[PDB]
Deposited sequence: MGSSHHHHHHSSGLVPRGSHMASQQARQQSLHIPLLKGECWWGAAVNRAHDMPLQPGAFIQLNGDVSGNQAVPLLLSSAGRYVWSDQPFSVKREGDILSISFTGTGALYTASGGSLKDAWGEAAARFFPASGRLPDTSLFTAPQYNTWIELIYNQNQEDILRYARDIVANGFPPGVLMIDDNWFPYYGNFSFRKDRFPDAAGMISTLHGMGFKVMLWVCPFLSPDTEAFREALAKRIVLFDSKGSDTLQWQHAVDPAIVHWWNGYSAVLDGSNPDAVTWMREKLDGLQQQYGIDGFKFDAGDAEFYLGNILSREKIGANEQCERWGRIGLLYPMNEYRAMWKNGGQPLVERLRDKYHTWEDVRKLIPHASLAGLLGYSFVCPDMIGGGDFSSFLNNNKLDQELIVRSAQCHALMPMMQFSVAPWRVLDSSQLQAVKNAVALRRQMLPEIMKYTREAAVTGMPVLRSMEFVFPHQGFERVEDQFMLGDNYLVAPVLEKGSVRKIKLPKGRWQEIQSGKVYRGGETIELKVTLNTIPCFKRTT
């Protein structure tokens, strides 16, 4: 029950805890975040950071509330308040990272960065089949988009826990993979730790005792004597679930994943689910770990597969995992979350952050707003990674499509810079996408969330509303718009006339 009461320093701003709550930060009076058994649909970390260089850490989950000008934190384990003498957000990040989530030195597969990614989810939804995937792939190429990592999303397999292609819809999956390789794509498969609970796979997993067991609400029943599997309700239905605490579950998962790699030439895996909330209730694990750690240990599987992507996470800061922002709606509200979510992810140790799916990644959203799709693409362009799903050529008229292609072109022109800071982030953990406050502390940027720095020297200010005008707050120094070449005096807010094609970006010259 150990608790901690922290008066804010005058003017102090606090961020942390949960990536999918960044739009509610800096934490205001009234704010409440519970981490115990909740990763809020995305990545979560037991870390708060302040604009005054202060930080809070615990190895275990906590809840945080701001009442008035006081932080109240209730820890399940123990935690503490720290001050970095530098006094800035960057100092708080730097000290916290080296103490608690030091950079591993490794990168996720570089193919995830060096071209845009394509996920079949919005185009094909549940109808993942060989013919339509190949067509999507061919359409990418024919429309002049660069081949990249192609993610085949949910429903390519017979049932949950059967790690093979359903032959009804994939008559020659190896051939399909080979063709995709030929066209310059890499291929990733959606996977999860859920098992259809009346199948061969389920019975095999039950017999190997790699599932989570039902406690029967009994205080004293032990893992080693439980016989019935936990059954868990999620968005696709009801399933048994792998016990991430059980080393035999790791072996099983490897067998399945390595199988797909060897049999079909699969390059990597999109690791979905693992959300802490699925591990709550009457559940027994072999090593008696909490729901948050179940999420965390699912996350570690991706350390064995350099080409990976996670949405749900607990900890694993400083690790070579791609951390995708969760399913975004088809709204301007959501396009406005990409920067602050991404920038927060970076500070929680998730430098390799990909901003969900251009135009939105929630399938029931898919009426379509073309402008929004363009602005989504342009916002993705100079983030660490760029991910498509809905086919721009299918839903955009020709100059909206051209604008999207131009966004892709700009990313290719900036790629040496992106890759420079990406490689660096592997070594030092320092983010690729940085908030204005991280790079320009105590210069009035604490609440500027529609601008970010790509490394130290490029200020990107994507257009994220309708109109022919965009305001841009420049730090002290001189700045050169990389496209127009017009030099601007820093230290003020400027107004820029914009078209559908504009992606404001400035090089720091002084």
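Student: Note down, first to last, the deposited-sequence stretches for which the model contains no C-alpha atom.
Tutor: Unmodelled stretches, in sequence order: 1-27, 394-397.
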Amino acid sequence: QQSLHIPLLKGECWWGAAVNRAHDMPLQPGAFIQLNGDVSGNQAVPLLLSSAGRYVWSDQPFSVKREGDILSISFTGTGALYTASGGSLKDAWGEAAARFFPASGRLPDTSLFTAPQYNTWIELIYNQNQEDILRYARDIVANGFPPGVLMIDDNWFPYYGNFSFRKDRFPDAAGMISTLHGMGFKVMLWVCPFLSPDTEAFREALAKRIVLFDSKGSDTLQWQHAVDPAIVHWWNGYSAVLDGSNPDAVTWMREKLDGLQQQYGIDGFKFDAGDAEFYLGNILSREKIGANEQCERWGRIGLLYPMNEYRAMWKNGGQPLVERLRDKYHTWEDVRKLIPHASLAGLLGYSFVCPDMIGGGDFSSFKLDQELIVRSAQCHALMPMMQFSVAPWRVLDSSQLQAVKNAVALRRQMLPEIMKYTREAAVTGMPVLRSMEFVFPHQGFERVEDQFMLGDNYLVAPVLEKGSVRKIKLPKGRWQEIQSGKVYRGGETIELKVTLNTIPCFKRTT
From here on, numbers count along this sequence of modelled residues.
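Student: Higher mean Cα B-factor in the deposited model: 55-63 or 477-485?
Tutor: That would be 477-485.
Student: Mean CA B-factor: is it higher for 168-176 or for 356-364?
Tutor: If you average the C-alpha B-factors of 168-176 and of 356-364, the larger mean comes out for 356-364.
Student: Of the options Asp248, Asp272, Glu123, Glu255, which has the highest CA B factor as deposited?
Tutor: Of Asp248, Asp272, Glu123, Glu255, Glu123 has the highest C-alpha B-factor.
Student: By the CA temperature factor listed in this entry, which of these ranks top: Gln400, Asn162, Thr422, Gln294?
Tutor: Highest C-alpha B-factor among the listed options: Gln400.
Student: Determine, from the deposited record, the chain-internal third of the Cα B-factor for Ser215: lowest, middle or highest.
Tutor: For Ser215, whose C-alpha B-factor we compare with every modelled residue in the chain, the answer is the highest third.
Student: Divide the modelled residues of the chain into thirds by Cα B-factor and specify which third, lowest, middle or highest, holds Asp228.
Tutor: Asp228: CA B-factor falls in the highest third of its chain.
Student: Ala31's Cα B-factor: lowest, middle or highest third of the chain?
Tutor: Its C-alpha B-factor, which the entry lists for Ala31, ranks in the highest third among residues of this chain.
Student: Within this chain's modelled residues, let me know which third the CA B factor of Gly467 belongs to: lowest, middle or highest.
Tutor: Its C-alpha B-factor belongs to the highest third of this chain's values.
Student: Determine, from the deposited record, the chain-internal third of the Cα B-factor for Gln443: lowest, middle or highest.
Tutor: Highest third of the chain for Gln443's C-alpha B-factor.
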